[PDB]
Amino acid sequence: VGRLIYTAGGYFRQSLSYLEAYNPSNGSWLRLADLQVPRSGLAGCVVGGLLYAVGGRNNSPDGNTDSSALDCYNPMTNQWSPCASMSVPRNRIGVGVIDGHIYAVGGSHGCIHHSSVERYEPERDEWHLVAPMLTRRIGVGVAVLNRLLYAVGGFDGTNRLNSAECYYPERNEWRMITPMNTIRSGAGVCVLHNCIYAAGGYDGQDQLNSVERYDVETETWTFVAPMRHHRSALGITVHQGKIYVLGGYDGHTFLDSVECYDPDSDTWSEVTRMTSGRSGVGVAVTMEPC
Ligand SMILES: NS(=O)(=O)c1ccccc1
């Protein structure tokens, strides 16, 4: 964990440059340095206390550009720094961190829906491709549990997916896992205790409030309590043993709602609102800035 939940970028009318940090200990929001380039459909992660913004797309008045960018935010300095770019642009990307390395998974580049996966090494500032997924996935949820990488749901270019797969680093190999009970593109995916959670998303007809979790020991998905708001393209993270979901789109509104899940009581509650409604944000947790 750390201290603050950082939300970077997103979409409302066009792609956003916002970086804002929510503090669960006092309810406060802080606006921090803007991204250098607006982006929606990006992912956030943390390595060595630095916040990384990965991929996305700049949907803007003057044009639409898919992003291969990796950028690094240092809370100590309140400055963004560019890192090496990925091999390819990846809008509606998923990311996971294992052993201080960032895995970028799937996403789109125009009509190209990627199965490709690449890994960034911060000590070298270098990306390298690894084995591709067995399925093309954009709007894909990614999480890490016990140093294995999970890619969950998404859209393959033709169908929204209930399927999911796992990457075994030491074998450089992807294998299918049990599919979810619900088709979901754009779900929030995270890890808590021994389970991979998939919250919300879009099933082809409707934005979802349902939430299900995969127990790696049993290989089964089980529904838990649904969110209070239906939402796709939500941000998600974990902070002190609770899941937080941030924004997204419900078919009517770009949500400012932030919900918090308590796994012991199996209940969701609203904890704050974002300063403005948005979908397609990048979210991660690190130390408070100066
Ligand atoms: N990342 S976003 O702009 O919220 C988006 C979400 C779903 C489909 C297309 C775009």
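Residues numbered from 1 in each chain as written, not as in the entry; some residues may be left out. Heavy atoms only, no water.

Its PDB header names X-ray crystallography as the technique used to obtain the model and reports a resolution of 1.97 Å.

Our next topic: the overall build of the protein. For the protein, the helix and strand inventory stands at zero helices and 30 strands. Its C-alpha atoms give the protein principal-axis dimensions of roughly 45 × 40 × 35 Å. Across the 290 residues that make up the protein, the buried fraction comes to 56%. For the protein, contacts bridging at least 24 residues in sequence account for 50% of all contacts bridging at least 6. Approximately 12200 Å² of the protein is accessible, and the part contributed by carbon and sulfur atoms is 45%. Separation of charge centres in the protein, based on 22 positive and 29 negative side chains, amounts to 2 Å. (Helix = DSSP H or I, 4+ residues; strand = E, 2+ residues; numbered from the N terminus. Buried < 20%, exposed > 50% of the residue type's maximum accessible area, 1.4 Å probe, protein only. Contact = heavy atoms within 4.5 Å. Areas by Shrake-Rupley, 256 points an atom, 1.4 Å probe, with all protein chains shown as cover. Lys, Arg positive; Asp, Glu negative; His and termini not counted. Charge placed at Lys NZ, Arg CZ, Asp CG, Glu CD.)

With that out of the way, let us pick up the site of the ligand. Around the ligand sit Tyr 11, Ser 40, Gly 41, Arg 92, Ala 233, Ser 279 and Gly 280, and that is every residue in its neighbourhood. One of the backbone nitrogen or oxygen atoms of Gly 41 is found 3.4 Å away from a nitrogen atom of the ligand. Summarising the interface, the protein chains cover 65% of the accessible area of the ligand, which totals 290 Å² for the free molecule. Class assignment for the residues of the shell around the ligand results in two nonpolar, four polar and one charged. (Near = heavy atom within 4 Å. Polar contact = N/O pair within 3.5 Å; in protein donor to acceptor, adjacent residues only side chain to side chain. Nonpolar A, V, L, I, M, F, W, Y, C, P; charged D, E, K, R; others polar.)

Moving on, we get to the nonpolar core. If you look at the biggest cluster of nonpolar residues, it comprises 16 residues, and the most contacted ones within it are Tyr 150, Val 152, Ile 177, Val 189, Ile 196 and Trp 221. Of all the elements in the fold, those that place two or more residues in this core are strand 18 (141-145), strand 19 (148-152), strand 20 (164-168), strand 22 (188-192) and strand 23 (195-199). At three residues, the largest contribution of residues to this core is made by strand 19. Apart from the residues within four sequence positions on either side, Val 152 is in contact with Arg 137, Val 140, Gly 141, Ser 163, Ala 164, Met 180, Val 189, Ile 196, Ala 198 and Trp 221. (Core = buried A, V, L, I, M, F, W, Y, C linked by side-chain atoms within 4.5 Å.)

Volume-wise, the second largest pocket comes out at about 190 Å³. If you trace the second largest pocket, you find it lined by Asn 146, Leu 148, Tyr 150, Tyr 168, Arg 175, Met 176, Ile 177, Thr 178, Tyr 214, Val 216 and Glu 219. At the level of elements, strand 19 and strand 21 (173-177) are the ones that each hand at least two residues to the lining of the second largest pocket. By residue number, the principal contributor to the lining of the second largest pocket is strand 21, which donates three residues. Considering only residue class, the lining of the second largest pocket consists of seven nonpolar, two polar and two charged. (1 Å grid on protein atoms, 1.4 Å probe; cavity = no way out; pocket = protein on both sides within 12 Å on 5 of 7 lines; lining within 4 Å. Points joined across faces, edges and corners; volume = space filled by probe spheres on them.)

The tally for this structure, following the rule as stated, stands at 14 aromatic pairs. Here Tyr 73 and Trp 80 contribute two aromatic rings whose centre-to-centre distance is 5.3 Å and whose plane-to-plane angle is 50°, an arrangement assigned as tilted. Judged on exposure class, the residue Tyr 73 and its partner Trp 80 are both buried. On the numbers, 5.2 Å between centres and 40° between planes, the contact of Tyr 167 with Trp 174 is tilted. Clustering of aromatic rings is evident, with ring pairs tying together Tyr 11, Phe 12, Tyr 249 and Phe 254. Above the ring of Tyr 168, the side-chain terminus of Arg 175 is found at 5.0 Å from the ring centroid. (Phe/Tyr/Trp six-rings, centres within 6.5 Å; stacked < 30°, edge-to-face > 60°. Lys NZ or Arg CZ within 6 Å of the ring centre and 35° of its normal.)

Taken in spatial order, the four strands of this open sheet run 5-4-1-30, and their pairing is antiparallel. The open sheet has two edge strands with one neighbour each: strand 5 (28-31) and strand 30 (282-286). Taking the axes of each pair of neighbouring strands and ignoring which way they run, one obtains an average angle of 25° across the sheet. For strand 1 (residues 4-8) and strand 30, the ladder comprises five bridges, and the chain directions are antiparallel. When the bridges of strand 30 are listed, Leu 4 appears paired with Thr 286. (Pairing = 2+ DSSP bridges. Axes fitted to C-alpha atoms, helices over the stretch in contact; angles between N-to-C directions.)

In the UniProt entry, the feature "repeat: Kelch" is given for residues 4-49, 50-100, 101-147, 148-194, 196-241 and 242-288. Helix makes up 0% of residues 101-147 and strand 49%, whereas the separation of the span's terminal C-alpha atoms amounts to 11 Å. This span, residues 148-194, is 0% helix and 43% strand, and a straight line between its end C-alpha atoms measures 12 Å. (UniProt positions renumbered as here; feature names shortened; annotations may be inferred.)

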